[PDB]
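To keep things clear, I will list the structure first and then write my remarks on it.
Just so you know, these numbers use all the heavy atoms, side chains as well, and skip hydrogens, waters and symmetry mates. Throughout, protein chains are lettered first and strands after them, A, B, ... in sequence-line order, and every chain is numbered starting at 1. Atoms within a ligand are numbered from 1 in the order they appear, just like the ligands themselves.
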Amino acid sequence: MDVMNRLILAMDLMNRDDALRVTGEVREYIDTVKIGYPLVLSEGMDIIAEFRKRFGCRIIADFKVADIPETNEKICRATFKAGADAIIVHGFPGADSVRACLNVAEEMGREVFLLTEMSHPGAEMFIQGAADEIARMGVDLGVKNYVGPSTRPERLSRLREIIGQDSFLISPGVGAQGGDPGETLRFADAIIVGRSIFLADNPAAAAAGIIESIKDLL
Amino acid sequence: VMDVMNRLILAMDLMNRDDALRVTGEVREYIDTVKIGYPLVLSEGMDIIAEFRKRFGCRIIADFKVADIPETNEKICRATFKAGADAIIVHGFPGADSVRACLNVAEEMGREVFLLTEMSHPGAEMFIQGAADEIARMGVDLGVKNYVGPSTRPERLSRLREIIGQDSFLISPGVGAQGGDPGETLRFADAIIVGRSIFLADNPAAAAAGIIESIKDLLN
Ligand SMILES: O=c1cc(O)n([C@@H]2O[C@H](COP(=O)(O)O)[C@@H](O)[C@H]2O)c(=O)[nH]1
Ligand SMILES: O=c1cc(O)n([C@@H]2O[C@H](COP(=O)(O)O)[C@@H](O)[C@H]2O)c(=O)[nH]1
């Protein structure tokens with residue numbers, strides 16, 4: 001996956017007008033948008049096709065899929081029918097649940113991203129202690145795309161160690177949650193950035209600023 | 001606690017609006033509580049919650065297994081309650097701050113959170129099972145009153161009932177298609193969740209009736 005400027009916009013505005021406007025203002029800087037449940041549940045799954053129509057960007061559906069295999073398969077189907085290129089899946093519910101997603105993605109020409117460790121403080125309670133094993137499970141299952149935390153660079157580095165340099169790794173928690181763009185890109189192929197861009201007075205300048213700060217990494 | 005008719009909650013995971021509406025309508029004499037998840041919501045939109053309310057008396061549990069950071073969890077809960085869901089199901093494994101975010105929105109909006117502890121499928125044994133007792137204890141500490149636990153592991157469902165106490169409300173999936181028994185499950189759970197055993201039956205009404213007949217002595 002070739003992410004322009006190694007920067008993925010997390011579009012978590014809940015109003016269609018704002019979401020389209022802000023994305024439009026930063027379109028010259030990005031070609032990959034992560035769309036999650038805040039926007040999809042507020043404006044519908046049709047928003048994905050609209051983004052493709054307007055921007056021709058790749059769409060990562062950040063749905064943190066975390067159900068039983070039967071349900072995971074249905075969620076993946078509905079998601080790819082809506083035009084998502086990839087979907088983010090939790091690893092914590094185990095191998096069979098991940099496999100269900102892998103199977104649908106294969107059938108529909110899409111990718112699964114496996115979320116191992118999360119970026120927020122609560123991740124320390126249960127997820128962190130399982131995260132390395134979740135990553136090894138990904139490797140065992142043939143997963144090639146991963147998500148890990150900008151907020152804990154040592155954990156992000158460990159994730160990179162486990163999955164190897166050939167796997168693709170994206171990382172949220174940059175900006176608002178305290179992660180540093182450049183440090184995160186020591187380990188991740190791409191950074192995910194939401195509020196630091198879309199809540200800015202001038203989202204274009206915000207994106208431009210981040211890119212300038214990592215210019216030697218591009 | 002919500003008063004679930006016949007201790008039976010329909011998991012409506014059909015992905016076609018017409019079929020989902022038809023089946024739910026057919027079982028309306030037996031069930032007043034419907035669990036709507038992402039298979040249907042991602043296929044037909046959040047307005048489907050509205051349409052169920054309009055068409056049927058039913059309470060709606062939004063089975064969204066909320067599993068994000070606190071900031072995003074808050075947004076998901078707000079959107080979900082705005083759409084008319086009575087309750088939302090939230091994963092506990094992402095930790096206390098993530099659960100608290102959902103509880104705070106539910107409090108502000110006058111709705112309810114259900115905390116998913118252990119899951120019913122085989123993969124649950126890999127990571128979730130080992131954390132499940134602590135996730136449940138965390139729920140109790142946070143003041144969670146409603147829980148979800150697995151029909152497929154009676155011993156685990158029993159332990160989870162112990163942890164949360166007799167006053168907490170507990171619902172349990174994995175009945176029927178996944179192998180759980182309705183009566184055995186209701187030893188510990190207040191209500192059972194049933195999906196495919198009902199909605200894939202030639203006669204969903206008859207299938208619901210049959211389940212209810214089998215647990216008739218356990219009704220209140
Ligand atoms: O561990 C994770 C995994 C995520 O997907 N995310 C997602 O990444 C985005 C981060 O947004 P922000 O840059 O505003 O903090 C949100 O959409 C969030 O749901 C995260 O923050 N931490
Ligand atoms: O541990 C769990 C938690 C669930 O919500 N579920 C949900 O309960 C329902 C079970 O449906 P069924 O009776 O067809 O197996 C599905 O909607 C599924 O997503 C589950 O099966 N196991």
Side-chain angles (χ1 to χ4, degrees), chain A residues 8-13 34-39 60 62-64 66-75 88 90 93 97 113 115-120 122-123 127 131 147-152 155-156 170-179 181 191-199 210, chain B residues 9-14 35-40 61 63-65 67-76 89 91 94 98 114 116-121 123-124 128 132 148-153 156-157 171-180 182 192-200 211:
Chain A
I8 297 172
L9 173 67
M11 179 40 60
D12 297 317
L13 293 171
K34 183 176 77 60
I35 295 180
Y37 284 134
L39 179 52
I60 298 170
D62 179 11
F63 291 175
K64 290 198 184 52
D67 219 302
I68 69 174
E70 158 83 358
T71 299
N72 277 13
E73 175 184 334
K74 290 184 174 184
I75 290 173
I88 297 174
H90 264 294
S97 285
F113 278 75
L115 175 59
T116 62
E117 185 173 332
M118 291 182 71
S119 64
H120 64 299
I127 293 176
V147 187
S150 172
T151 50
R152 304 192 188 92
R155 298 294 304 139
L156 187 64
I170 65 177
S171 183
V174 176
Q177 299 178 54
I191 49 175
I192 294 165
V193 179
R195 287 164 288 174
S196 290
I197 293 172
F198 74 69
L199 288 189
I210 292 168
Chain B
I9 299 172
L10 173 68
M12 177 36 64
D13 296 315
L14 291 174
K35 186 175 79 60
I36 291 184
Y38 281 138
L40 180 52
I61 299 170
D63 182 7
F64 291 176
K65 293 189 180 57
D68 217 304
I69 69 171
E71 158 82 0
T72 298
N73 279 11
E74 288 182 25
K75 291 185 173 187
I76 292 171
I89 301 176
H91 260 297
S98 288
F114 278 66
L116 177 56
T117 60
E118 185 169 332
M119 289 183 72
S120 62
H121 64 296
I128 291 173
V148 186
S151 169
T152 52
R153 300 191 192 92
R156 300 293 307 137
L157 188 64
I171 64 178
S172 184
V175 175
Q178 299 178 56
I192 49 173
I193 292 163
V194 177
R196 287 165 285 174
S197 289
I198 292 170
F199 70 69
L200 296 182
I211 291 165

Exercise for the section: May I have the step-by-step check of side-chain contact (heavy atoms from CB on, under 4.5 Å) for A:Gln177 and B:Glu71, ending in yes or no? Expected result: CA-CA 10 Å; A:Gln177 299 178 54; B:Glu71 158 82 0; over 6 Å; no

Completion exercise
The salt bridge (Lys or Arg N to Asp or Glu O under 4.0 Å) partners of A:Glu73 (sequence neighbours excluded) come to A:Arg77

Practice task
Could you pull out all residues at least two apart from B:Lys65 that satisfy salt bridge (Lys or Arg N to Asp or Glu O under 4.0 Å)?
Solution key: A:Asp67, B:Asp63

Problem - Non-hydrogen side-chain atoms of B:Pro39 and A:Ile75 separated by less than 4.5 Å - result: yes

Problem - Residue pair B:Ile192 / B:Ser151, side-chain heavy-atom distance below 4.5 Å - result: no

Handout entry: Pocket residues of ligand 2, ordered first by chain and then by residue number (heavy-atom cut-off under 4.0 Å)
Key = A:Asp67, A:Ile68, A:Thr71, B:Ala11, B:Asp13, B:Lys35, B:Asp63, B:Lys65, B:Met119, B:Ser120, B:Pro173, B:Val175, B:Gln178, B:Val194, B:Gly195, B:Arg196

Handout entry: Listed partners of B:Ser98 passing side chain to side chain contact (heavy atoms under 4.5 Å, CB included), at least two apart
Key = A:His120, B:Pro70, B:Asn73, B:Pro94

